[PDB]
Each structure stands twice: as C-alpha cells, then as structure tokens.
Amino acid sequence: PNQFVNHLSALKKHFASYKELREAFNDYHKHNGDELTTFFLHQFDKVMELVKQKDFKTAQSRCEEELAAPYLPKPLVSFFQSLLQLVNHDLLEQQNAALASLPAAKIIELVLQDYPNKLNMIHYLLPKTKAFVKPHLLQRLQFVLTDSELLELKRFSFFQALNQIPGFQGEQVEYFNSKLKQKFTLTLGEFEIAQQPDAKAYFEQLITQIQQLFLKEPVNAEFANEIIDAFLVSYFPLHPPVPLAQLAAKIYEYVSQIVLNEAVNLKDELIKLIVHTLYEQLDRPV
C-alpha cells in the first residue's frame, strides 16, 4: 500500500536504469550487510525477477508493499521508490507503445489529453535521463497545478512527480490548493514533500502523536496513518485549520471506534475527517 509521510526528508538520488540501482544497493549491502539489509536486498531481487519476466503489474504491487512495511529502514526507502519508478515507466510503455520513441514535449501532450485522466502518464518521464526533459517544458504543465476544479489528490500526485524530474530541479512553480483557497510558489527537486516550515512541523508532530496513542495497536496505527496522509495531501503545502492535538484525538477516536462502534457524524471533526479520509482520496493508479 505504501505511504506519503514515510520520508519527510531531502530529494532521493536519481536512477535512470535498473543496473545503476542494482549496483548502488549491492554496495550499500557491502557496507551495511546486517539482517534487514540482507532481507530487503533479497526482496528487491524478487521484484527484479518479475521485471525480467515483464510481469510489470505484479512487480509494481510487490514493490509498493515493501515500501509499506514499517520495518523498512530509512536509507532503503529511496532504493525501492527508485525501483517503482523504473517499473511504472516499463508498465506505461507496454500499455502505450507509442511512448517508446517520443521526445519529452510529445509525451507531455499525451499526458494532457483527456485532461484529468492520463495525468498518471507523467510517471514515464521520471526514470529518464537528467537531460531528457528541458526546463522550458515546465510552463506547459503549470495550468494543471493551478486548476481550481482539480481534486487535491490528483494535483498533489502530479506535483510529486514533477518534483522528481531532474530537468526541473530548482525550478519554481505556482500551486493552488482549493481547500486553503490560495496559491503558493514552490521549488521543485529540493525536498521529498516540500511543505512550508509550519506545516512540516505540524505533520511531524501529528505523526508522532498518533504513533504514541497507538503504541499497543500497530494495525490501528496504519489506519490512522492513512487519515494523516489524506490530510497531508488535501492541504499539501500547509496543514488543515485544526488544533493539532484535536486532530490526533479525533483520528484516534475515529479508527478506535470503527473497529465496531458508531462514530459521531454530528462532530465537525469526524465530519471533515470523513469528507477527506478517502472520499476525496481515491484516484486511478498508474
């Protein structure tokens, strides 16, 4: 299933092919060969086996679950995310062969067609070479990030993909969040999750709190973590107009109860929680 807040850190290193990544990782093992790094390197290879058999769809599912395991070490998170990118690239190419021989500009055209739809195709440019996408092309995508009618999940995702395109490293972009009713100027390629200082500290604290309230219940921590994702996505640049502790409590109350017990829709906290939770958190995967 994976997650968003699983790395409130700096931009992960870029890998254009499987070999470079297979190397970078094996080396990490020859200098950190403990049990975990051994197991995960082992899981990493399972995926590559599927990649070789062109069973990309499955390769994508196994890769997204390794990333979901809360036991995965911080440094090994960027390795898998890089794998997922290569995989999704191969998946898109096989579903849209036309993509195999097209320059970035033409690829962007296909990504914009049935407008909201097809935005996922933008993921085909991530594993490209750092010189494959000139910086001027960014201006053609701008309108997507400022569309007042676009679902926050689609816009955030679209933004998180651009954020990873080498060619746009350092560029600034306008981003409009419809929930906060205001646009922002953000820099691409600097951070994994580039939220403003306050919003970053707010979510950092919110994650630690639900983690502490669900210390006995690891399954419940996962459900609460999903809710935290929905809020991070829906208010992305910043954070919801909610007193931190109050959010943590209702998130706790909400999942604690759902394991059989009727939550109270009268409470504004549960209401907004439900309006966001996933009702606005669904979108077709790559």
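The numbering used is simple: start at 1 and walk along the sequence shown.
message = I need to verify one thing: averaged over C-alpha atoms only, is the B-factor higher for 18-26 or for 269-277?
response = That would be 18-26.
key: Selected stretch [higher average CA B-factor]: 235-243 or 37-45   = Between 37-45 and 235-243, it is 37-45 that shows the higher mean C-alpha B-factor.
inquiry  = In terms of recorded Cα temperature factor, pick the maximum from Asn225, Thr58, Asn32, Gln257.
reply    = Comparing C-alpha B-factors across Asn225, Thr58, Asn32, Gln257, the maximum falls on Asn32.
ask   = If you rank the chain by CA B-factor, which third does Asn96 end up in: lowest, middle or highest?
value = Its C-alpha B-factor belongs to the middle third of this chain's values.
message = Using the temperature factors of the C-alpha atoms in this entry, rank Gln182 within its chain: lowest, middle or highest third.
response = Tercile = highest for this residue's CA B-factor.
query = Sorting the chain's CA B-factors, does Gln169 end up in the lowest, middle or highest third?
reply = Its C-alpha B-factor belongs to the middle third of this chain's values.
task = Rank-wise, by C-alpha B-factor, drop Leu162 into the lowest, middle or highest third of its chain.
result = Lowest third.
task = Taking the chain's C-alpha temperature factors as the reference, tell me which third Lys130 falls into: lowest, middle or highest.
result = It belongs to the middle third of the chain when residues are ordered by C-alpha B-factor.
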